[PDB]
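Here the Cβ is made from the backbone with ideal geometry for all residues, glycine too, and neighbour counts use every protein chain on show. Here, each number is a calculation from the coordinates, and none is a lab measurement.
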Number of protein chains: 2
Amino acid sequence: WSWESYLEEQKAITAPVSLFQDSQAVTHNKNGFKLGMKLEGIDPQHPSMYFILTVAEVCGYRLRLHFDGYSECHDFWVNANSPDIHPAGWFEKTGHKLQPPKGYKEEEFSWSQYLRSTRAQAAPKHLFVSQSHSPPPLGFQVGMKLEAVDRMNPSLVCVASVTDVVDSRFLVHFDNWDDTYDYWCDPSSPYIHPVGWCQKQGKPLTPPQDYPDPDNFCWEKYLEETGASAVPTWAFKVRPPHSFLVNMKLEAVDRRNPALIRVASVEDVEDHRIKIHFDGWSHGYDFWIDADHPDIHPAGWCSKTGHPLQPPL
Amino acid sequence: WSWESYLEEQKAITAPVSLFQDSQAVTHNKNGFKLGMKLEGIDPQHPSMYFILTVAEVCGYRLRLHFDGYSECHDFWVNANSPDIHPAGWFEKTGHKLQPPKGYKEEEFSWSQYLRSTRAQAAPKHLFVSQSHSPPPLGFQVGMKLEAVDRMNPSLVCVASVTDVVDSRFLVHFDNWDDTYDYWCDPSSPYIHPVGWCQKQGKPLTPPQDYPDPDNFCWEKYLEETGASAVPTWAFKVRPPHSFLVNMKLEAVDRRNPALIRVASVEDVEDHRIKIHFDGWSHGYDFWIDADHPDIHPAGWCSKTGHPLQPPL
């Protein structure tokens, strides 16, 4: 419809561009991904693992990725500036493991030969914002230890490790646990803390799954025993709370059908999260989201990138 | 819109004024609070903690308070007869710690310096129902122990302490937990019991958050490790059940948008609580509230105090 006339009739304002990360706001980059191009990327359900992916669909600045050899029911959407996708050949050049297409074996797979056999085009390197050609996030080296909130069970702060580093980001892993609980972040993340923070704050720390003698959990000796260092405290930066206010309007991907983006409103706020309401829909579909999530955008993003915008219902 | 005409097409009745506490019903007091006045008061999210607050908005007998130095996203509404706000200078005169405005440290803060520098007016003392000028409640002293219901998890009766006393109310704190679960009450609260109550009544007692041998928690041992005594059994004088009947109508603050007061109905009753239904709205919006809560009021309260009433729908 038009944002302009909507704002007049509702007597409302949009969340200003300045409130968003540059990466959530940028509209002027073209999407150079094309149908059938091949690449590598993380599995959103197993964020430590990398698979061969194909571009199955492009919509504006977004793309839908298919896991080669597997079912289309696993396909998922990302933005073209996603740091979670990488060019063909990246895994080998940066020390990562590639899970091959269904029916291959890790060491059976070669990009040269795969491309010959498929006659497919690898997505060109220059498309990717993350190629491990930037120097890491200061002070966060693989194997180092920290305390982290289990984003799945937010009342728990837990023994955790850095297991992956890529450009300005690193992977937080829970000791003795599935990669299912892992998550990517950067040194300003509000979900991470230096070794000792729990003790110094009052809260209990959850030790590694099936550790010997859990209440008697000692960090400086866990550390000596694992040949690990804790991430230095000077490394952990303070992300300031976001400045979104209740009733500001924006555009947000609909988690019920991620192909769609909708007119939305800020229904509530915490320091680092906002509660999203889709205008014209039930408050039952209202949901909490991290302010820095890739799937929230300023008003006009859809229009400038060429993605349909769902008007209010 | 009028109450009479509604009570007619609905063949319904309003909760009589006599069912309410004097403080919930009183309409003839003027709201003397004015924009920009400064005061002290508790953080509702952290009810043990005191901050400098400014009057941000007034609406009838209510006001919106702002935490000096912090974001407007934390502002909250109270009634002008709230006992959880106090005049400038009250913290120092009564033994309370004052969390200073965002940049400061406790001991750096002085009101005389602050008022000189801001050119602001402190809310006059005569406006405050609670300034610690009344006799402390009879039996309940700071440091004394008791058993208390966790209002956030009402199946649990837990080990607790009195940590603050102001006029006839005191602050119930759950040992070893932060203050987010704490609450203010008086000697007649149905949520508090003496040490020994759970054992005498056959109910399980929840020990302090990280108590070493929680299976062997014992009160007479805890009291000796902590040098404390129990609030005397005789001090607990529970209030009688309220007399609100299902279908009676009244006015209630909307929990999801606290600026608004709406037409309401009693959907269901317990001895000390009522279930509020907002007329014309989904029953999914229905909520349980203590009958003495400051944000329910007799029909006519909005009209008599100068606050808008939202009609049903």
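Out of the range B:151-163, which residues are surrounded by fewer than 20 Cβ atoms within 10 Å (Cβ to Cβ) and within 23 Å of B:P232 (Cβ to Cβ)? Please lay out each step first, then the result.
Looking only at the range B:151-163, we keep the residues that are surrounded by fewer than 20 Cβ atoms within 10 Å (Cβ to Cβ), and these are B:151-156, B:163.
Residue satisfying the conditions is B:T163 alone.
Can you pull out every residue in the range A:230-253 that is more than 10 Å from chain B (Cβ to nearest Cβ) and either part of a strand (DSSP E or B) or of a type in the set (A, V, I, L, M, F, W, C) (or both)?
If the condition is that a residue be more than 10 Å from chain B (Cβ to nearest Cβ) and either part of a strand (DSSP E or B) or of a type in the set (A, V, I, L, M, F, W, C) (or both), then A:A230, A:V231, A:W234, A:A235, A:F236, A:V238, A:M248, A:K249, A:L250, A:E251, A:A252, A:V253 are the ones that fit.
I'd like to verify a number: residues in the range B:175-201 that are closer than 20 Å to B:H96 by Cβ and part of a strand (DSSP E or B), how many?
3
Name the residue, out of B:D179, B:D175, B:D186, B:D167, that is in contact (Cβ under 8 Å) with a residue 60 or more places away in the chain and in contact with a strand residue (DSSP E or B) (Cβ under 9 Å, 6 or more places away or on another chain).
Working: B:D175 fails: in contact (Cβ under 8 Å) with a residue 60 or more places away in the chain; B:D186 fails: in contact (Cβ under 8 Å) with a residue 60 or more places away in the chain; B:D167 fails: in contact with a strand residue (DSSP E or B) (Cβ under 9 Å, 6 or more places away or on another chain).
None of the others qualify; the one that does is B:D179.
Search the range B:147-174 for residues being outside any strand (DSSP E or B) and of a type in the set (A, V, I, L, M), and hand back the single one that is farthest from B:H133 (Cα to Cα).
Applying the first criterion (outside any strand (DSSP E or B)) to the range B:147-174 yields B:150-156, B:167-168.
Filter once more, so that each one left must be of a type in the set (A, V, I, L, M): B:152, B:156.
On the way: B:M152: 32, B:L156: 35 Å.
Filtering first and then ranking leaves B:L156.
Among the residues of the range A:205-227, which ones are surrounded by 15 or more Cβ atoms within 10 Å (Cβ to Cβ) and within 26 Å of the chain's Cα centre (by Cα)?
Correct list: A:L205, A:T206, A:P207, A:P208.
Name the pairs whose Cβ atoms lie under 7 Å apart, with the first residue in the range B:73-84 and within 13 Å of another protein chain (Cβ to nearest Cβ), the second among the small types (G, A, S) and surrounded by fewer than 17 Cβ atoms within 10 Å (Cβ to Cβ), and 6 or more positions between them or separate chains?
B:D75/B:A56
For the range A:261-292: of the residues being in contact with a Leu (Cβ under 9 Å, 6 or more places away or on another chain), surrounded by 16 or more Cβ atoms within 10 Å (Cβ to Cβ) and part of a loop (DSSP other than H, G, I, E, B), which is farthest from the other protein chains (Cβ to nearest Cβ)?
The residue in question is A:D279.
Please enumerate the residues belonging to the range B:56-65 that are surrounded by fewer than 20 Cβ atoms within 10 Å (Cβ to Cβ) and over 18 Å from B:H297 (Cβ atoms).
B:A56, B:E57, listed by residue number.
Scan B:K200, B:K249 and give me the residue that is among the basic types (K, R) and touching a helix residue (DSSP H, G or I) at 6+ places or on another chain (Cβ under 8 Å). Give the derivation first.
Values: B:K200 fails: touching a helix residue (DSSP H, G or I) at 6+ places or on another chain (Cβ under 8 Å).
Answer to the selection: B:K249.
Checking B:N216 against (1) more than 14 Å from chain A (Cβ to nearest Cβ); (2) under 25 Å from B:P137 (Cα atoms): exactly one of these is not met. Which one?
Among (1) more than 14 Å from chain A (Cβ to nearest Cβ); (2) under 25 Å from B:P137 (Cα atoms), the lone unmet condition for B:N216 is (2).
For the range A:17-128, give me every one of the helices (runs of 4 or more DSSP H) that falls completely inside it and has 2 or more residues that are within 20 Å of the chain's Cα centre (by Cα) and among the aliphatic types (A, V, I, L, M). Explain how you work it out, then say what you get.
Values: elements: A:22-25, A:90-94, A:111-118.
Hits in the range A:17-128: none.
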